[PDB]
Amino acid sequence: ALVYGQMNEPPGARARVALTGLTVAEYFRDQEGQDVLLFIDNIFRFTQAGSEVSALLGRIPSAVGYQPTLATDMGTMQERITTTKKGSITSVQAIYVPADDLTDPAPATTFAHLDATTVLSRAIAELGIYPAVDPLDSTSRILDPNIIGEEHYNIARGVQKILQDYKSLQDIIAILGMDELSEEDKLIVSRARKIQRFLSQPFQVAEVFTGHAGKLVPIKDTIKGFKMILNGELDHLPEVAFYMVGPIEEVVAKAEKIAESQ
Amino acid sequence: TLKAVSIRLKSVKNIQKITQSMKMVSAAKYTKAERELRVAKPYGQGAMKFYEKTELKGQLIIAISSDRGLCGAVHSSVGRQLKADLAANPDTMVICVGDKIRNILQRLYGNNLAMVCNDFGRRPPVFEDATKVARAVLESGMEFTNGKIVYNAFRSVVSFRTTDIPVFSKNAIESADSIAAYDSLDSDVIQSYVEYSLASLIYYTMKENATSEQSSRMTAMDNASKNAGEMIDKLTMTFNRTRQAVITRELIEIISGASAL
Amino acid sequence: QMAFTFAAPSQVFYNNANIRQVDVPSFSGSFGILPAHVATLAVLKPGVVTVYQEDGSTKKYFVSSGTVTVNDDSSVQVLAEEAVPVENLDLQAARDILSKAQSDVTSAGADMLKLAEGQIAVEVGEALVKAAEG
Amino acid sequence: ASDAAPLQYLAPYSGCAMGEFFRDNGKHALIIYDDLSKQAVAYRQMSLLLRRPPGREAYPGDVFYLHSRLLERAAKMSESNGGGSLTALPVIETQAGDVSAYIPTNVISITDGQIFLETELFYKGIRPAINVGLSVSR
Amino acid sequence: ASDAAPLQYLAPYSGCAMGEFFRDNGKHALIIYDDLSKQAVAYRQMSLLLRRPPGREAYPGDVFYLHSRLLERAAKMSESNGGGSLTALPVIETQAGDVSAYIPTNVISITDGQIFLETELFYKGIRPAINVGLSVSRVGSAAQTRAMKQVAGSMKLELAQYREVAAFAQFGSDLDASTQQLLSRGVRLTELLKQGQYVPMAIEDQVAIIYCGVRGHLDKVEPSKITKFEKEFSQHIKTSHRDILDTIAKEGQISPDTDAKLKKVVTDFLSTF
Amino acid sequence: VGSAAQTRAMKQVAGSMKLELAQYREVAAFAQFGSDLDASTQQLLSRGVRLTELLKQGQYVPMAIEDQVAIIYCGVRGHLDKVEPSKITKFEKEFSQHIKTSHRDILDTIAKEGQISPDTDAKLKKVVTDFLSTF
Amino acid sequence: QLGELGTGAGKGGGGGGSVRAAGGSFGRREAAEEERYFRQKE
């Protein structure tokens, strides 16, 4: 469902349209018992509209020109997005950072409510990996071995550490070459490129623009698949077999098809 | 002010870009130079083995440097060791390869400088340049009994040591105590062997000096890029604080003017 | 037990490797080396240094100049200007340089220095002719 | 965060009164204000909506007295007053590790020492990311 | 500037309504606001003198609403609405490159892309002084012809690679052959984009000259003679090889057969040139 | 106001000083990493260093215009290139005393002329060299 | 005290690139190496 508070609307309409979409999502949570998704785009324009409304009302602005009620205006909206005993509302909010300043009052107030972070990097997209989520810059508060599990946490930390080692070794490879630490760093760079390919995934909503059928990977298939790459159980497969395939069974099936076609 | 921080942040950002570019170039040269040093080190071990076996103990001084400066503490510390030679052998003529050593040492001991080689450093050191220096020592006719070569040894990636390799003359070789144990010695054999052992020691130092110089320049640009990166981060936070303070202060002035009406 | 340090500005061949026999063409005569040799030193000349290791393997290394030193501790330090195996050499190229050297000798005339250079290249060319055709 | 700014302003003093019950009755209490930087934001909202003159970072001039009158009630009492005590652990959130900002410098001048937590140490896996050289206990 | 502040505030809305006449009648209009910075100053003057509450930089709280309700009227109408269009080119003057100032921040948020101009690039000879790395177009290559999209995609990729290794090109002469090729190609493409004033060129001329840039046809020529090559080779293909231009116009792209014909024409011309 | 606010003797020596300080400003940066310098450049660097130490002055001791002109004239004509900068102040007191009770005719000559003639310039240079020999 | 070259644009001595406009000591280094080269040439 869309609510579309447009830019050519007065600041009162743009300040309240996040509450309008939140009200629709609250019905699906309370009166249906669902886990609802709420998309706010943009959360900075919600802050910007509230600053314009307070300026119109004659209130004295706070630091960096924002409204004096900035934390309360954000807090009143963001505290309705939670899990209740009926259902939940999960909010994915597009974020604009003014002047590339994370200490600005608008992102600093927004970051106090976030439980995760999904960074879409154009550098990942230039490598052909879609979705272009940065594997290291994307964070989450629930990435702890008490909310998601011990195997989930250990595999995620191992994947992050492998990719951090790849980033630290990329300049060494660029200067000297692939010949480094015999076959130890060669094993690390081989696994890390397999990790980067296996993070890519075809999407069902884009299956008519790309031709690849989309995949919906369950969480256990993801953990099992990345555990296999981390354990080195698939070192005999090409890195192309890990690209744009959801499950790890798709990887070995694609590698078999390559071996049969070769 | 906000303009002063913005100007300084722009300058430090350009400094980091230059030093990162210099670090990549100097790492490429160091990788190539260490690759050839991996084979040209036992070449100097075999050349110095004879002088080690004779145990001859010590004029002329060979200084190895380059016209390319700002590689760290190479020419400064080598010249400092050369200054210690000027306080130990004030009457020793010195043959320099590089203008930087000439610049440092001309003010102190311009009366004890034999010759200074220039237009060197940009090209990699090969044997022909070593033979050019070797022919320069011979045909000049300058008297020398003992001697040494000043060069930057390659201890590690971040550490370089300034040592000296002793170089003797044909006349000193004939007068050696343990040279009687070596046979088949006449004038022409000793003369040709000495003037080729000299061109093998000079080639060994030139490979050691080039690798040590590129390694020092690589780690100096690496330190400069890290320090410029840290200074960028602190100046960015200072710029963000100053930008926010300017906006807040300007608005309070407007509010105070509006409320006073 | 004979430590071999045959190196070059271009390549490196042996580093303290036990060799049964190395025959060296020097200015003091094209003599040969066995372990615990005579303490001496000599100047290389254009010729075919040969290597005969502990397995009896025969390897031919033509050089253009250099130095040869044998110390009292059975340590052999042969350093040569450009040591290459002779298999990557051409006898036709050897005679081409030799004919070019002969032209330099004939066209030297009163240029005694150029006459010496022609003689030097004649010695190198004749050395390679025997090297490549053998 | 959904509550009104006067409620967030009042809550440190309400909890302090509940802790001062134990202090004045011979018992010992520990109180944590998590966090006083958000209470200063709530008080700045109340001050700006009351047309009071903003100062540094639009804060009112009595934002120091806001925290000073609160934290000074945390004290160790003598044996003639029962011997009780109240211990305060205020929390202050900085921006990019800036302890030289207005509000954290006010609380540092009030409290008896600070425990500084580093983002750089926290990224490296050091938990708790306590800066040993920058942590003071007066 | 001699006109009153209400007249300067009302002029963009008056011109927009004149352009909306063409939009609603099935025609296509282009509107230039030169410039919206001074219109916001005029609106700020009226608001401050009407005792309206000032905000950041003394601008009123509805100055974003002032420019958004103006610039949202530039639309591409549907075919059931006549198929007309209205294209807006607002102009914003920034102070010392501060695009984070209040009025430039608003108009950047409203618009569908920016064309950044720098004085540093202006005096380097880059005219028009467009910063390629900063200027965006959110509609992307959907607003280009098939021939232009074919060649500008490779030009954008090559110019991005040139800006990555632009630090080495300042001093580095003993680099690898690939890096030297990347910097030499980017110099040709940077010199290619330079254009004089009051002389716009047709899309066929633009595609042809940047086709020669990205296909290596300019790697053998000096950058100082690129402009002379741009005009003279255009004459050489406008009245001597018109059949190739006919095939490109008929098919809307450059086939490999037409690519080979253009390669022979360039090689023959560069022999003469 | 410029040179119109200076007397004729001061204007003659401050104009030459402003040129020499400009030349010294061009060559004062060489102490950062330079090691070998030209002989004329070294003389410019030495004279400008003397001039920078000449502009230093203690508190509560203002000196007369004739003393300022004479000291600046010695500074810009190379009369202090052979003197270490640490002893410039001692020279500034003692040499001014020497030309006060003994060469007061020269001071009267400069006061009546109002500027520095080449003959008076030669006379002052000879007194400087005589004083430096006695120094 | 003379406004040494490279100490800052508008700060007494400087004018030029970003380093020279920022001043400090790197602008002094830029002015030192440049003036040394052109004094050697003359």
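Per Stokes-Einstein, at 25 °C and 0.890 mPa s, what whole-number D in µm² s⁻¹ belongs to region C:9-77, with the Kirkwood radius over Cα pairs as the hydrodynamic radius? Write down the numbers at each step before the final one.
Details: Rh = 12.4 Å.
My calculation gives 199 µm²/s for D.
Return the Rg/Rh value of chain E, two decimal places, where both radii are evaluated on C-alpha atoms and Rh is the Kirkwood radius.
Working: Rg = 23.0 Å, Rh = 22.0 Å.
For chain E, the value is 1.05.
Can you list residues from other chains, or at least 5 along the same chain, whose modelled amide H is less than 5 Å from the amide H of C:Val12?
Those qualifying (amide H under 5 Å, at least 5 residues apart or on another chain) number zero.
Would you kindly work out the equivalent ellipsoid of region A:143-228 from its C-alpha gyration tensor and give its semi-axes, the square roots of five times the eigenvalues, largest first in whole Å?
On the way: eigenvalues 155, 84, 19 Å².
Each semi-axis is the square root of five times an eigenvalue, giving 28, 21, 10 Å.
With no solvent and one equal point scatterer placed on each C-alpha of region B:161-237, evaluate the Debye formula and give log10 I(q)/I(0) for q = 0.18, 0.19, 0.27 Å⁻¹, two decimals.
Here the Debye-derived log intensity ratios amount to -0.84, -0.88, -1.19.
Pull up the DSSP beta bridges for chain B and report the antiparallel fraction as a percent, rounded to 5.
On the way: 7 of 20 bridges.
Of those bridges, close to 35 percent are antiparallel.
In percent, what relative contact order does chain C have, based on Cα pairs under 8 Å that are 6 or more apart in sequence?
Numbers: 288 pairs, mean separation 28.8, N = 134.
For chain C, the relative contact order is 21 percent.
With point charges of +1 on the Cβ of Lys and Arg and -1 on the Cβ of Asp and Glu, referenced to the Cα centre of region B:102-248, which listed residue (B:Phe154, B:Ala224, B:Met142) lies farthest in the positive direction of the dipole?
Towards the positive end, the residue furthest out is B:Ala224.
Work out from phi, with θ = phi - 60° and the Karplus expression 6.51 cos²θ - 1.76 cosθ + 1.60, the ³J(HN,Hα) of each residue of region B:168-180, listed in order in whole Hz, and give x for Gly and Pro.
Per-residue couplings from phi come out as 9, 10, 4, 5, 5, 5, 5, 8, 5, 6, 8, 6, 5 Hz.
Taking every pair of alpha-carbon atoms in region B:1-111, what share in percent sits in each 5 Å bin, from 0 to the bin with the longest distance?
2, 9, 12, 12, 14, 15, 12, 9, 5, 4, 2, 2, 1, 0
Using amide H atoms built in the peptide plane, which far-off residues or other-chain residues are under 5 Å from A:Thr90 H to H?
Long-range HN contacts for A:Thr90: A:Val36, A:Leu37, A:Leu38.
About its Cα centre, how strong a charge dipole does region B:6-115 have in debye, to the nearest 20, once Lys and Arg get +1 and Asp and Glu get -1 at the Cβ? Before the final figure, lay out each step's value.
Working: 19 positive and 8 negative charges, 162 e Å.
So the magnitude is around 780 debye.
Of the DSSP beta bridges with both residues in the protein assembly as shown, give the percent that are antiparallel, rounding to the nearest 5. It would help to have the intermediate numbers written out before the result.
Numbers: 44 of 79 bridges.
That works out to approximately 55 percent antiparallel.
Only helices at least 27 Å long along their axis, Cα-based, and averaging -0.5 or more on Kyte-Doolittle count here, so list those DSSP H runs from chain A. Please report the intermediate quantities before stating the final value.
Details: long enough: A:11-30 (29 Å, 0.02); A:150-175 (38 Å, -0.36).
Membrane-span-like by this rule: A:11-30, A:150-175.
Running Debye on region E:53-106 with equal point scatterers at the Cα sites and no solvent, what base-10 log of I(q)/I(0) appears at q = 0.15, 0.16, 0.18, 0.32 Å⁻¹?
The Cα Debye sum returns log10 ratios of -0.58, -0.63, -0.72, -1.22.
Round to a whole angstrom and tell me the spacing of the C-alpha centers of region B:89-146 and region A:68-88.
First find each Cα centre; the distance between them is then 79 Å.
Once you list every other residue whose beta carbon is under 13 Å from the beta carbon of C:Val51, what net charge do they have if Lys and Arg are +1 and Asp and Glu are -1? Mind dumping the intermediate values first?
On the way: positive: C:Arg20, C:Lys59, C:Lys60; negative: C:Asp23, C:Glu54, C:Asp55.
Charge balance in the 13 Å sphere: 0.
For chain C, I need the span (max minus min coordinate) of the C-alpha atoms along each principal axis, in Å, sorted largest to smallest.
Principal-axis extents of the Cα atoms in chain C, largest first: 51, 28, 23 Å.
Give me the Debye-computed log₁₀ of I(q)/I(0) at q = 0.15, 0.19, 0.22, 0.27 Å⁻¹ for region B:198-242, equal point scatterers on Cα only, no solvent, two decimals.
With no solvent term, the Cα-only Debye profile gives -0.55, -0.67, -0.75, -0.86.
To the nearest whole percent, what portion of all C-alpha pairs in region E:116-258 is separated by more than 24 angstrom?
On the way: 3540 of 10153 pairs.
So the portion of pairs separated by more than 24 Å is 35 percent.
What is the angle, in °, between the Cα long axis of helix F:118-134 and the longest principal axis of the Cα atoms in chain F? Nearest 10 is fine, range 0 to 90.
The angle comes out near 70 degrees.
Starting from the Cα coordinates of region A:45-109, work out the convex hull volume and express it per residue in Å³.
Working: hull volume 6.0 nm³, N = 65.
Convex hull of Cα atoms, per residue: 92 Å³.
Could you work out the relative contact order of chain E, using alpha carbon pairs under 8 angstrom and six or more residues apart, expressed as a whole percent?
Value for chain E: 13 percent.
Express the relative contact order of chain D as a whole percentage, based on alpha carbon pairs under 8 Å and six or more residues apart in sequence.
Details: 182 pairs, mean separation 34.1, N = 138.
Computed value for chain D: 25 percent relative contact order.
Taking the Cα centre of the protein assembly as shown as origin and charging only Cβ (+1 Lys, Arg; -1 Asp, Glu), how large is the dipole, in debye to the nearest 20?
Numbers: 136 positive and 146 negative charges, 738 e Å.
Taking the Cα centre of the protein assembly as shown as origin, the dipole is about 3540 debye.
Based on the Cβ-Cβ distance from A:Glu239 to B:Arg155, what FRET efficiency comes out when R0 is 51 Å, to the nearest 0.05?
Values: r = 40 Å, r/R0 = 0.78.
Efficiency for this residue pair is about 0.80.
What percentages make up the Cα-Cα pair-distance distribution of chain A when the bins are 5 Å wide from 0?
1, 5, 9, 12, 14, 14, 12, 10, 8, 6, 4, 2, 1, 0, 0
Please give the helix F:88-101 orientation as an angle from the longest Cα principal axis of chain F, in degrees from 0 to 90, rounded to the nearest 10.
With both axes taken from Cα atoms, the answer is about 20 degrees.
Taking all pairs of different Cα atoms in region A:203-262, averaging 1/r and flipping that mean, what Kirkwood radius in angstroms comes out?
On the way: mean 1/r = 0.0807 Å⁻¹.
When all Cα pairs of region A:203-262 are included, the Kirkwood radius is 12.4 Å.
State the answer as a single residue: which of E:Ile126, B:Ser212, B:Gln81 lies farthest towards the positive end of the charge dipole of the protein assembly as shown, with beta carbon charges of +1 for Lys and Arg and -1 for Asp and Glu, about the Cα centre.
Positive-end residue among those listed: E:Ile126.
Could you go through region A:122-139 in sequence order and give the Karplus-derived ³J(HN,Hα) for each residue, using 6.51 cos²θ - 1.76 cosθ + 1.60 with θ = phi - 60°, rounded to whole Hz, and x for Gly and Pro?
Residue by residue, region A:122-139 yields 5, 5, 5, 5, 5, 8, x, 8, 10, x, 7, 7, 5, x, 9, 6, 7, 10 Hz.
If Rh is defined by the Kirkwood formula over all Cα pairs and Rg also comes from Cα, what ratio Rg/Rh do you get for region F:80-135?
Details: Rg = 11.9 Å, Rh = 12.1 Å.
Taking Rg over the Kirkwood Rh, I get 0.99.
For a quick check: with amide H placed at 1.01 Å from N, whose amide H comes under 5 Å from B:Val157's, ignoring anything fewer than 5 positions away on the same chain?
It is none; the list stays empty.
What are the equivalent ellipsoid semi-axes of region A:65-159, built from the alpha-carbon gyration tensor (square roots of five times its eigenvalues), in whole angstrom, biggest first? Write down the numbers at each step before the final one.
On the way: eigenvalues 145, 93, 29 Å².
With the √(5λ) rule applied to region A:65-159, the semi-axes are 27, 22, 12 Å.
Which three lengths, in whole Å and largest first, does region E:145-189 cover when its Cα atoms are put on their principal axes?
40, 16, 13
Can you give the three extents of the C-alpha atoms in region E:59-195 along their principal axes, from longest to shortest, in whole Å?
58, 40, 22
Just need the Rg to Rh number for region F:1-67, please, alpha carbons only, Kirkwood Rh. Could the numbers behind the result be given before it?
Values: Rg = 14.7 Å, Rh = 13.8 Å.
Rg/Rh for region F:1-67 comes to 1.06.
For a bin width of 10 Å, list the pair-distance distribution of chain B built from all Cα-Cα distances, rounded to whole %.
Result returned by the calculation: 6, 24, 26, 16, 9, 7, 5, 3, 2, 1, 0, 0.
Cα-based Rg (one decimal) and Dmax (whole number) for region B:129-261, in Å?
Radius of gyration, then largest Cα-Cα span, for region B:129-261: 31.8, 111 Å.
Whole-Hz Karplus ³J(HN,Hα) for region B:212-229, in order, using 6.51 cos²θ - 1.76 cosθ + 1.60 and θ = phi - 60°, x for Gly and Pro?
Result, ordered by residue: 5, 5, 5, 5, 5, 5, 5, 6, 6, 5, 5, 5, 5, 5, 5, 5, 5, x Hz.
With viscosity set to 1.567 mPa s at 4 °C, what whole-number translational diffusion coefficient in µm²/s follows for the protein assembly as shown from Stokes-Einstein and a Kirkwood radius over Cα pairs?
Working: Rh = 39.7 Å.
Diffusion coefficient, whole number: 33 µm²/s.
Is it possible to state the helix-based mean residue ellipticity at 222 nm for chain F, with each DSSP H run of 4+ residues giving -39500 (n - 2.57), the sum divided by total residues, to the nearest 500 deg cm²/dmol? What is it? Spell out each step's value before the answer.
Working: 6 runs with 90 residues, N = 135.
When only DSSP H runs of four or more count, the value is -22000 deg cm²/dmol.
At 37 °C and a viscosity of 0.692 mPa s, what translational diffusion coefficient does Stokes-Einstein give for region D:19-102, taking Rh as the Kirkwood radius over Cα pairs? Give it in µm²/s as a whole number. Could you put the intermediate results ahead of the total?
Working: Rh = 14.5 Å.
Translational D for this selection: 226 µm²/s.
What is the magnitude of the charge dipole of region D:54-138 about its Cα centre, with +1 placed on the Cβ of each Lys and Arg, -1 on the Cβ of each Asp and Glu, and no other charges, expressed in debye to the nearest 20?
Values: 7 positive and 9 negative charges, 33 e Å.
Magnitude of the dipole: close to 160 debye.
What fraction of the Cα pairs in chain G, stated in percent, has a spacing above 11 angstrom? Could you put the intermediate results ahead of the total?
Details: 479 of 861 pairs.
So the pairs more than 11 Å apart make up 56 percent of the total in chain G.
Cβ atoms come from the backbone with ideal geometry, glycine included; neighbour counts cover every protein chain shown. Readers should treat all values here as calculations from the given coordinates under stated rules, not as data from a laboratory.
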